[PDB]
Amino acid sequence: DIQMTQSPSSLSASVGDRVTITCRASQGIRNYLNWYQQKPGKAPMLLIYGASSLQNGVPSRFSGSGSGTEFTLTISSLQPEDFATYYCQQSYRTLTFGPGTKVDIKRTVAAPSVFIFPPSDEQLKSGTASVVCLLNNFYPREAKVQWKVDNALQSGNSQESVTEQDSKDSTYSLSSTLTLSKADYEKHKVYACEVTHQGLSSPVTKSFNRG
């Protein structure tokens, strides 16, 4: 089969930059090369066909060139909504896709807004308590969250989940979920999550009393 390769695997660029992504075909494919944009949770979307023809309704800041084995996609004035994975695809032999190039957006530091949620009473009837800590609209992705139960640092019993970069403001959000048994929850009183992030001058702690 024709092997399509792409470079870089991923990049970070600022709003307004000009970025070029490279696609290589293992053999000559004439201009039978397409570019697709895939935003988080969406289907791929056609941007360019025939190596250089912009699809109708695609912004004029996207540009394709190449014929033969080397192709380029240039995004001439990068926008927050351009956060996406970009894929090349050949139509000369059995249709094949490249592996994608991830475009991340660089922006200024933004401190997270922190919220803590006790287990609902309804859930406690299952013998399990979920305590949720939310870190909202921050940048960069890096952060640390510590669960403390009556000032005892927790370990091994929490999981974390992060959204992809927001299409409008390029921030992240994160959820840390601490899982205890009902017995464990009902034996302690102070539940607190402590968040350390670049945009915080000192760690932010949010706590609740009950259990």
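In case it trips you up, residue 1 is the first one in the sequence shown, and so on.
- Higher mean CA temperature factor between 151-159 and 169-177: 151-159, per the PDB entry.
- When the mean C-alpha temperature factors of 98-106 and 120-128 are read from the deposited coordinates, 120-128 comes out higher.
- You'll see in the entry that, of 9, 22, 196, 14, the Cα B factor peaks at 196.
- Across 61, 30, 42, 182, the entry's maximum B-factor at the CA atom is seen for 182.
- When the modelled residues of the chain are ordered by C-alpha B-factor, residue 146 sits in the highest third.
- Per the deposited record, the Cα B-factor of residue 186 falls in the highest third when ranked against the other modelled residues of its chain.
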